[PDB]
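> Pasting the sequence and an experimental structure:
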Amino acid sequence: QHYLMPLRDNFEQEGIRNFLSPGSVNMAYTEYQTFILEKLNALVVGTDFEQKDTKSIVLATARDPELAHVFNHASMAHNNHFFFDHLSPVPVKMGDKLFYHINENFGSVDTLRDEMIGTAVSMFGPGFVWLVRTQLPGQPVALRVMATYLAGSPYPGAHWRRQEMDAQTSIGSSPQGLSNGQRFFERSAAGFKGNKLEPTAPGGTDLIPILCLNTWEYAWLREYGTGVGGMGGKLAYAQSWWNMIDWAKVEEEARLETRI
Amino acid sequence: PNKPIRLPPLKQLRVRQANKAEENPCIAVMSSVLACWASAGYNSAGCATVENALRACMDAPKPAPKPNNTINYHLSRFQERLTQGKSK
Amino acid sequence: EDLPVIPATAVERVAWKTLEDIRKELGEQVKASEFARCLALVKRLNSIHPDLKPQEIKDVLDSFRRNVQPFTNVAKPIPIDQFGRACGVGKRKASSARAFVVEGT
Amino acid sequence: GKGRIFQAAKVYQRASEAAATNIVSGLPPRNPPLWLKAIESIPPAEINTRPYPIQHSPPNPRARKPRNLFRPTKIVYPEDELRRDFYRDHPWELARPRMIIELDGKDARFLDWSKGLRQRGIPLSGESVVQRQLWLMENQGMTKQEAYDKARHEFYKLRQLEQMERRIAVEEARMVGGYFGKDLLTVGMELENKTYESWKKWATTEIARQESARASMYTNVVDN
Amino acid sequence: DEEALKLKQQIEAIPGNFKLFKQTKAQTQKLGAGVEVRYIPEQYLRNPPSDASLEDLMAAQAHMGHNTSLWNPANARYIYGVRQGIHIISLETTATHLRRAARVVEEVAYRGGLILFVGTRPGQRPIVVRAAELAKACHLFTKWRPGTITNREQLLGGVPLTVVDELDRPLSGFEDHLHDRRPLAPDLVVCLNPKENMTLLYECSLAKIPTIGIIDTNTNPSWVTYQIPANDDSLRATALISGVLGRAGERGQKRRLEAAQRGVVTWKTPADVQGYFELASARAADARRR
Amino acid sequence: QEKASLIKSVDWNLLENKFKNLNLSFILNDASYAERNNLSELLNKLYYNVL
RNA sequence: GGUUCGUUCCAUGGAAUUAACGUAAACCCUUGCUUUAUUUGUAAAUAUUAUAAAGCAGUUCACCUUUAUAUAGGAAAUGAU
Ligand SMILES: [K+]
Ligand SMILES: [Mg+2]
Ligand SMILES: [Mg+2]
Ligand SMILES: [Mg+2]
């Protein structure tokens, strides 16, 4: 059975000093993750996924319309830990190679800072904000930001449940509504028929999630509260999160090609 | 009604003619020709269309032999298991 | 086994040794069925990508190559004399002819 | 006598005597086989001795001349009668696949049936209802029917939630831009088409074939 | 042109994608939660167990006997009962007999004995070969040629041999002995399917060779010396038994070689090689005198 | 091996296949290697010389 | 049990593993081709009949079909040769 694993640097017992109190990290990971695994175990209690990894379940149950509920828990248990793992105990200085490459794709570190933070609040819903590494067969290693909804997988193999745009406030009668609507139908029809919309290299090497940001309610609703009057809230949570990013690990997981 | 018995121990569980015996098709056309002569006549016109079919049959090339049936090989694998055993 | 493979149509044609060659070099009587499955491994290991293929498999695959060259016997073409007469030779059961064919009437 | 004299159990007794003395009288016996001393103190077990097998059920006491006294008996438990009652009331519960391939055999170590139907390691199936029923019927002193109702209703409330998740999980995914593949209903219909077409080819071929038999019955070779 | 040129790019991009895919597989493959992997199909080969418990034997289907109709009442001593129309072999009888054979395979290897693991079935080749590696024995995964023991002089005629000392390192000077010496015979055979090959087990009883076999409900238990009541038709129960017996031989060879380093040989020269020594001295005596 | 047959293959070591033009002019006229003109040098590379 | 001109070949058998002879292969004549030699044979000739030493060649390649996936077979003036 899938069991909980300790966090990176004892965040469960002590928790990050200036980001999340130990009581919050306790309810965020030790209690919630345990709840998800308890539900996940019961779903794969007697199936082939009884010994498979969360990521292996995410890719295997991505398109299956009958295993969508199993994908949520598997995709949620993965993204949740993917977020806490990248957090560092203390501030880390951004690497030269990483810092120099970010400026080529976003212009400056402050541009990417306000983009991910802004994208989180602009979503007005639970999900995850990712910093993806886009590398096509011939194109250079280009970075970009992707915002997933409740339980969305940024991996290319799980493109069936990316959940980027809400189909409630993005499909209407306006020019942008019609355009978004066609895409929503073009994907569903193609996906159902099996046709591939965008080519992807084998092995799912096109996109490699480097950094993540958990914007769910349970993560910050206790530490920073609702955020009435601008004091605290989801906005402050995202801002404070920018001070504990393990840029060292983020740089390693990027695996940028030597271009300096 | 009783069910099929368990065969006694045999020397070999096989079928004599595995692949069916093909019958010469032109022999059937000849029988039709001989039928016309019996009823219509020999130097008649009703057997014209039938006599022509008999000439076209013997002219056409005979078919090719079919691949042998592998029934007897599988019968030899399950003999001791299906029957009482092998005797010799 | 985890290394990638190459589609069959992109695998260079190789002349593998036959059942008789293995029997002779090994001095044994290897069953055709047991060798048929051993040859499949040779064809499978040959599908590995060249750049990724290791040096161990390369040497093991070089011992199964058949270096047999059939004898070449190319007939000589019939020349044409300066005057334009070609000499063809034909025989039938007792005799031998020599026809000198030229452009004419 | 189609059998052969197998002396595999006396390889030591035989080898021990052949190695005690030398064939060439007047010389010491050569060293024995390397295995003679290894199994010196490991004799074989007694084979071919029919004992009274374990009796898994009270044997018939009224029998005065009982037979089959050396026949292994059937293993029957109190659960066998409950499994038959449940699965007969829920025949389609057998369609739900169940794996009978054990991983390490240590599955009955985490099964505490005083908690509920949901246990660690095993899936929620007709067995969990049986094991839960047997517990209540024995520990709580409930009757077969009483325990059956209680354990049976807990099974439904858990299965209902399973079917509700599939529906909502899909509907919830499309509200945020989540598309899926071909459902089982569509795939099932496409397969029937490929099979129905093959049947159509077989029907038209045989139908035409029967026409020849109907025309061949009568004779019209004269061409009157 | 542009069609076949695509393959050139893909074929050339496999190395890069493979390396990148291998690196990425080490980053996010294990992040969600720890999986309690308690069974892998290829676990009895990569790391077989030293001793098999009742849970391991049961999980490996080592108790599934044949149909009640197809049974040998001789081996009614290892049957526990009847279920699903088959005979259920006692899990305790299978463990006690398996632990005994492990003690036999261990001592024979401790005395420098030649063991032979014989399993001749479609999928029993990797199991027997792995067991032999551990126990430093010989393997056999094809039809045993009748007469390889009783008629070994002919069958195993041209097969080469070698003479080794206490520490299994070859000795020089036995060139003339390896040409007149007759072929070897296994000091212990371990058959994984005695019901199939009875010609091998008969040559062992006819040549006074101990044997170990997996006796199924329909197998005659009088064909081997040490029976192992278990299911021989299961490919998962045979890999467990072979692993145990394989580890036994390994543990036996370790003691033998570890004792040789201390100048303690656990075996004496066989009779065959012993006779050659006496003849050597006789021929050497002539050189001394003459 | 005693009863095994032989596969018909060209033996390029034979003196007939090595030089398809047996004329010493072509063989020695710097066909492939240079300054092997001496007939003795050519023979030494084909026969085992005792001297 | 299949297959083969063939106890040929493959598979298999609770007994097989092998040796000799016949068989097969090879040999002589004959057939196409290459190189060699040109008299007493050849009109001429830049070599082509003949003479005769050696070497190569087949069911080989292509096409069609193919069992247990192990061993292959068919088509015969309108594929090559
Ligand atoms: K000539
Ligand atoms: Mg059996
Ligand atoms: Mg034979
Ligand atoms: Mg002959």
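Ah, there it is. Numbers count the residues shown, from 1 in each chain, chains lettered A, B, ... in the order given. Ligands and ions are numbered 1, 2, ... in the order given.
> Around residue E:180, count how many other residues there are.
Here the count is done by other C-beta atoms under 10 Å in any protein chain shown, and residue E:180 has 7 residues near it. Quick note: C-beta positions are derived from backbone N, CA and C, even for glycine.
> try the one 3 residues further on
By the measure other C-beta under 10 Å, the count of residues near residue E:183 is 16.
> Quick check: nearest residue in space to it, chain neighbours excluded?
The shortest distance from residue E:183 to any non-neighbouring residue, by C-beta to C-beta, 6 or more residues apart in numbering or on different chains, is to residue E:156 (3.6 Å).
> Go ahead and confirm residue B:57 touches residue B:26.
Yes. Residue B:57 sits in contact with residue B:26 when judged by C-beta atoms under 8 Å, with a separation of 3.9 Å.
> Let me know whether the longest helix seen in chain D sits next to chain A.
In chain D, taking DSSP state H as the definition, the longest helix is helix D:184-217. Yes. Counting by C-beta under 8 Å from any C-beta of the partner chain, contacts between helix D:184-217 and chain A involve residue D:184.
> What residues of that helix count as buried?
Of the residues in helix D:184-217, none are scored as buried under the neighbour-count criterion (16 or more other C-beta atoms under 10 Å in any protein chain shown).
> Also stretch D:51-60?
Neighbour-count burial for stretch D:51-60, counted by 16+ other C-beta under 10 Å, picks out residue D:53.
> Determine how far it lies from the middle of the whole chain.
Mean-position distance between stretch D:51-60 and its chain equals 25 Å (C-alpha atoms, centre = their mean, to the nearest Å).
> Span of it from start to end?
By C-alpha to C-alpha, to the nearest Å, the extent of stretch D:51-60 from end to end equals 19 Å.
> same deal with stretch C:63-83?
Using C-alpha to C-alpha, the end-to-end distance of stretch C:63-83 comes to 57 Å.
> Give me the contacts around that stretch.
When contacts are defined by C-beta atoms under 8 Å, 6 or more residues apart in numbering or on different chains, stretch C:63-83 is touched by residues C:14-18, C:21, C:39, C:42, C:86-88, C:102, F:7-10.
> Now a PyMOL select for only the buried ones of those residues.
This is how PyMOL selects the buried members of the contacts of stretch C:63-83, with burial counted by 16+ other C-beta under 10 Å:
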select buried, chain C and resi 17+42
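> Helices - which of the contacts of stretch C:63-83 land there?
Cross-referencing the contacts of stretch C:63-83 with the helices (criterion: DSSP H) gives C:21, C:39, C:42 as the overlap.
> By proximity to ligand 2, which residue of the stretch 1-150 of chain E wins?
Distances between the stretch 1-150 of chain E and ligand 2 by C-beta to the ion are smallest at residue E:66, namely 5.6 Å.
> Could I get the contacting residues of that residue?
Residue E:66 is in contact with E:86, E:87, E:216, E:217, E:218, E:233, counting by C-beta under 8 Å, 6+ apart.
> Swap in 6 Å and give it another go.
Taking C-beta atoms under 6 Å, 6 or more residues apart in numbering or on different chains, we find residue E:66 in contact with E:217, E:218.
> Need the three-state assignment for it.
When the structure is split into helix, strand and coil by DSSP: H, G, I helix; E, B strand; the rest coil, residue E:66 lands in strand.
> From chain F, how far off is it?
Spatial separation of residue E:66 from chain F under the definition C-beta to the nearest C-beta, to the nearest Å is 46 Å.
> So the longest helix along chain B, near chain D or not?
Using DSSP H to define each element, chain B has its longest helix at helix B:25-39. Yes. For helix B:25-39 and chain D, the contact criterion (C-beta under 6 Å from any C-beta of the partner chain) is met by B:32, B:35, B:36, B:39.
> Pull out the CA atoms of that helix and give them to me as PDB.
Taking Å, rounded to 0.1, in the frame of the first residue of the first chain, the C-alpha atoms of helix B:25-39 are listed here in PDB:
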ATOM      1  CA  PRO B  25     -15.300 -31.700 -61.000                       C
ATOM      2  CA  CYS B  26     -15.400 -32.600 -64.700                       C
ATOM      3  CA  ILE B  27     -16.900 -36.000 -63.700                       C
ATOM      4  CA  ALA B  28     -20.000 -34.100 -62.600                       C
ATOM      5  CA  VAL B  29     -20.200 -32.300 -65.900                       C
ATOM      6  CA  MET B  30     -20.000 -35.600 -67.800                       C
ATOM      7  CA  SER B  31     -23.000 -36.900 -65.900                       C
ATOM      8  CA  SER B  32     -25.000 -34.000 -67.100                       C
ATOM      9  CA  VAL B  33     -24.000 -34.600 -70.700                       C
ATOM     10  CA  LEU B  34     -25.000 -38.300 -70.400                       C
ATOM     11  CA  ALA B  35     -28.300 -37.100 -69.000                       C
ATOM     12  CA  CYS B  36     -29.200 -35.100 -72.100                       C
ATOM     13  CA  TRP B  37     -28.400 -37.900 -74.500                       C
ATOM     14  CA  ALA B  38     -30.600 -40.200 -72.400                       C
ATOM     15  CA  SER B  39     -33.600 -37.800 -72.600                       C
END
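> Mind listing what's buried along that helix?
B:26, B:29, B:33, B:36.
> quick one on the thing from earlier: confirm for me that the residue nearest to residue E:183 is in contact with residue E:182.
No. Counting by C-beta atoms under 6 Å, residue E:156 does not reach residue E:182; the two are 8.6 Å apart.
> Neighbour count: the two, which is higher?
Using other C-beta under 10 Å as the criterion, residue E:156 and residue E:182 rank with residue E:156 on top: 17 against 11.
> Report the separation between the more buried one and chain D.
18 Å.
> Chain F versus that residue, what's the distance?
Taking C-beta to the nearest C-beta as the criterion, residue E:156 is separated from chain F by 18 Å.
> Take the contacts of stretch C:63-83 and keep only those in strands.
C:86, C:87, C:88 (DSSP state E).
> tally of neighbours for the residue lying closest to the last one once chain neighbours are set aside?
Nearest residue to residue C:88, sequence neighbours excluded (C-beta to C-beta, 6+ apart): residue C:99, at 5.1 Å. Each residue near residue C:99 was counted by other C-beta under 10 Å, and the total is 10.
> Counting by contacts, list what the helix or strand encompassing residue C:99 packs against.
Counting by DSSP states H and E, the element that carries residue C:99 is strand C:95-101. Where contact means 3 or more C-beta pairs under 6 Å, 6 or more residues apart in numbering or on different chains; DSSP states H and E, strand C:95-101 is packed against strand C:86-92.
> ok, residue E:163 to residue D:216 distance?
Noted for residue E:163: a distance of 85 Å to residue D:216, by C-beta to C-beta, to the nearest Å.
> Likewise for residue A:105?
For residue A:105, the distance to residue D:216 under the criterion C-beta to C-beta works out to 82 Å.
> give me the residue from the stretch 1-150 of chain A nearest chain D.
Closest approach between the stretch 1-150 of chain A and chain D, counting by C-beta to the nearest C-beta: residue A:46, at 3.1 Å.
> try chain F
For chain F, the residue closest to chain D is residue F:1, as judged by C-beta to the nearest C-beta, at 35.3 Å.
> Might you report the residue contacts of that residue?
Under the criterion of C-beta under 6 Å, 6+ apart, the neighbours of residue F:1 are C:24, C:27.
> List phi and psi for the most centrally placed residue in chain D.
For chain D, residue D:100 is the residue whose C-alpha lies nearest the centre (C-alpha atoms, centre = their mean; 6.5 Å). According to degrees, to the nearest 10, the main-chain angles of residue D:100 amount to phi -110, psi 20.
> any chance you could map the helices in the stretch 1-150 of chain A?
Along the stretch 1-150 of chain A, counting by DSSP state H, counting those that start in this stretch, helices occupy A:22-25, A:32-43, A:54-60, A:68-86, A:96-106, A:109-123.
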